[PDB]
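As a plain string of letters, each chain reads:
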Amino acid sequence: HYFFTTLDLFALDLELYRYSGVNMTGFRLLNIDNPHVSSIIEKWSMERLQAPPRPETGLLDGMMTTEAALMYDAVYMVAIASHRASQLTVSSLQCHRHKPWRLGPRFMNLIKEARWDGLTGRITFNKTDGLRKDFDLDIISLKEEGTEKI
Amino acid sequence: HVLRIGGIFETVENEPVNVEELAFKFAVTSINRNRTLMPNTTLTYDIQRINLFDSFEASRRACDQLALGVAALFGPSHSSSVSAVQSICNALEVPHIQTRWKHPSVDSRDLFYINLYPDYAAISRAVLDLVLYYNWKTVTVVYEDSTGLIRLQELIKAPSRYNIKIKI
Amino acid sequence: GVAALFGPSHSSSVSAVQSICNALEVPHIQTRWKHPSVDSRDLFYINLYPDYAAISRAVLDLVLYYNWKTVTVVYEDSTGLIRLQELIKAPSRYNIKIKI
Amino acid sequence: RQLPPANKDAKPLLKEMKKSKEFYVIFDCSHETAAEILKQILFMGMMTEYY
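Residues numbered from 1 in each chain as written, not as in the entry; some residues may be left out. Chains lettered and ligands numbered in written order. Part of a larger assembly, values for the part shown. Heavy atoms only, no water. Residues with missing side-chain atoms left out of burial classes, pairs and counts.

Listed as the method for this PDB entry is cryo-EM; the listed resolution is 4.6 Å.

Rendered as structure tokens:
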């Protein structure tokens, strides 16, 4: 019984291992059961196929990597915040004189207390730390029909 | 009407184009597709591609970006670089949005970063809860590097509380 | 116009000045033990703290000299967990009923 | 037993053989179907020290 705590197990070609009989529990951050999320990951795999592809740069079967999903969620998070914001301009800052942003803590709060359902499930933030606290880790397991959520 | 963000991406060479950068450009193009997300503003992006393991270059690009005008930075992959860019953004009060989890030296008191990667303590608690569900008795923990021991902290320390023998 | 820098005593504050000393080619002299950076391609830093791998080999050698059969590793921070790695892996090689 | 003639995937045969606990197996094959049945016996996970 193998148990991979990597959040990318789903993106692994497990057919040979599948026909063996291993209990092969893992993890999955992506709620690909959602129709919108499955359409987004299919659109991303379609966009990554019209480019000259990179096979054997890993053992992905043509899926979205977790780092790609989190970056997608990041740009959607700042987009949700800017949509919910006031007239948020942008000030050209410096580094030799670190003048603080006059929109700074306002827009950082409007980022942090903003919830959104992205490709990794719910995106919520406990505003005392900045870490991602409420999140659903789906459990996948390898059976004869592939990788199924248990 | 514009809103400009910035992204600092580490790449070894240009043959392996960054999937982080590709997802970044994919996400900003889908935001420019969707006109239900404040359509009067257009969200544009400013990329800076740096070499791998260069906190100094990451700092230079962050400085140049904040001199150009950036509303939010998406930092690099390496931990020292993303902590340096996080401290730059925390001093400058611009938000920093990182997607890679970092080594547990987070006691630097910051409130201008969000780490979309799940908490390495919560992943260990999930692994412990799943092993307590499966009722295993002998578990062979196999890691790859010290980040792995930090991420399996709770599972390895779990045996004194619950009856499980652990070989590491 | 400094000849060589003596940096601060925490990991995030020292990994910025180490990269500054690497890019400006002045000798950085670290004193506290820094968290293990995965590059190891920075060249212009020297460090006087003995590394946690050799400290862990020392505690494994001294446990094996004392012939303890079951120990109780107690840490207070993950830097310490990274350090005690040799002792934690030791049950596979030598008979030690470890417990963390 | 006899491996199936047309559908060269003998995975139901190997599954029944694994289910009824037959570890000492003699194959009478040609080398081509021997290599294909070695691939199929690897995919069934029956390449252990028991078999």
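On we go from here.
1. A word on unusual backbone geometry
Where the residue is not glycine, phi is negative for most of them; where a peptide bond is considered, it is trans in most cases. Even without being a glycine, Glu-56 of chain A presents a positive backbone phi close to 55°. Position of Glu-56 of chain A among the secondary structure elements: in the loop between α2 (35-50) and α3 (66-84). Residue class for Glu-56 of chain A comes out exposed when judged on its relative accessible area of 64%. Despite not being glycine, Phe-53 of chain B has its phi angle at roughly 60°, a positive value. (Helix = DSSP H or I, 4+ residues; strand = E, 2+ residues; numbered from the N terminus. Buried < 20%, exposed > 50% of the residue type's maximum accessible area, 1.4 Å probe, protein only.)

2. A few points about the packing of α3 of chain A against helix α4 (residues 104-112) of chain A
All names here are of chain A. Between α3 and α4, the least distance of the axes is 9 Å, while the angle of their chain directions is 115°. Where α3 crosses over α4, the two elements pack in a sense that is right-handed. Each of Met-77, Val-78, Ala-81, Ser-82 and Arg-84 in α3 lies in contact with α4, whose residues at this interface are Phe-107, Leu-110 and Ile-111. Classifying every residue of the contact of α3 with α4 gives six nonpolar, one polar and one charged. (Axes fitted to C-alpha atoms, helices over the stretch in contact; angles between N-to-C directions. Left-handed = near helix turned anticlockwise from the far one by under 90°. Contact = heavy atoms within 4.5 Å. Nonpolar A, V, L, I, M, F, W, Y, C, P; charged D, E, K, R; others polar.)

3. What about the packing of aromatic side chains?
Considering all chains together, one arrives at 17 aromatic pairs over all chains under this definition. A ring pair is formed by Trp-101 of chain A and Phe-107 of chain A, whose centres lie 6.3 Å apart and whose planes are at 65°; its orientation type is edge-to-face. Exposure class is identical for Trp-101 of chain A and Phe-107 of chain A. Each is buried. Between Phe-24 of chain B and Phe-74 of chain B the ring centres are 5.5 Å apart and the planes differ by 65°, which places this aromatic pair in the edge-to-face class. Here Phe-24 of chain B is found in helix α1 (residues 19-33), whereas its partner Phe-74 of chain B is found in strand β3 (residues 73-74), with 50 residues between them in sequence. By the burial criterion, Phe-24 of chain B is buried, and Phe-74 of chain B matches it. Of the aromatic side chains, those joined through ring pairs into one cluster are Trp-44, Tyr-72, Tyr-76 and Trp-116 of chain A together with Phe-26 of chain B. For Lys-102 of chain B, the ring lying beneath its charged end belongs to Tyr-113 of chain B, and the centroid distance is 5.2 Å. Directly above the ring of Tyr-19 of chain A sits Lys-11 of chain D, whose terminal nitrogen or CZ lies 4.8 Å from the centroid. (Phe/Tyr/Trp six-rings, centres within 6.5 Å; stacked < 30°, edge-to-face > 60°. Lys NZ or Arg CZ within 6 Å of the ring centre and 35° of its normal.)

4. Focus on the nonpolar core
The nonpolar side chains of a soluble globular protein tend to be buried, and buried together. One finds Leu-73 and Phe-74 of chain B to be the most contacted residues of the largest nonpolar core, which totals 107 residues. For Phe-74 of chain B, the contacting residues outside a window of four places in its chain are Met-71, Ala-74, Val-75 and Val-78 of chain A together with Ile-5, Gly-6, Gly-7, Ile-8, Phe-24 and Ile-97 of chain B. Judged by nonpolar contacts, the second largest core, of eight residues, contains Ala-10, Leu-13, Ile-41 and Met-46 of chain D. (Core = buried A, V, L, I, M, F, W, Y, C linked by side-chain atoms within 4.5 Å.)

5. Observations concerning the side chain of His-78 of chain B
Relative to the helices and strands, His-78 of chain B is located in the loop between β3 and α3 (79-92). Of the residues examined, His-78 of chain B reaches a relative accessible area of 6% and is grouped as buried. Those residues in contact with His-78 of chain B that sit more than four places away from it in its chain are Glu-10 and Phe-53 of chain B together with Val-38 and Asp-39 of chain C.

6. Description of the state of the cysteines
Formally, a disulfide is one covalent bond, and it connects the sulfur atom of one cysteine to the sulfur atom of another. All chains considered together, the criterion is met by one disulfide over all chains. Put simply, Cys-95 of chain A and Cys-63 of chain B are joined by a disulfide, and their sulfur atoms are 2.0 Å apart. Around the S-S axis, the bridge from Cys-95 of chain A to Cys-63 of chain B shows a dihedral of about -105° and counts as left-handed. Linking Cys-95 of chain A in the loop between α3 and α4 with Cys-63 of chain B in helix α2 (residues 55-68), this pair reaches from one chain into another. The class of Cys-63 of chain B is buried, set by a relative accessible area of 16%. Residue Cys-21 of chain C stays outside any disulfide, its sulfur separated by 17 Å from that of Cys-63 of chain B, the closest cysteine. Residue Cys-21 of chain C is classed as buried on the basis of its relative accessible area, which comes to 0%. (Disulfide = S-S within 2.5 Å.)

7. Some remarks on the interface of chain A and chain B
On the chain B side, the residues contacting the 54 residues of chain A number 54 residues. At the boundary of chain A with chain B, total buried surface from both sides reaches about 5,100 Å², with 75% on carbon and sulfur atoms. Taken as a group, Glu-67, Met-71 and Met-108 of chain A account for 12% of the area that chain A buries against chain B, more than any other trio of residues on that side. Taken together, the connections running from chain A to chain B amount to one salt bridge. (Buried area = accessible area lost by both parts, 1.4 Å probe. Salt bridge = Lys/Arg side-chain N within 4 Å of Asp/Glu carboxyl O.)

8. Structural notes on the environment of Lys-143 of chain A
All names here are of chain A. Relative to the assigned elements, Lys-143 resides in strand β4 (residues 140-143). A relative accessible area of 35% places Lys-143 in the partly exposed class. Linking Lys-143 and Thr-25, residues 118 residues apart in sequence, is a C-alpha distance of 9.5 Å.

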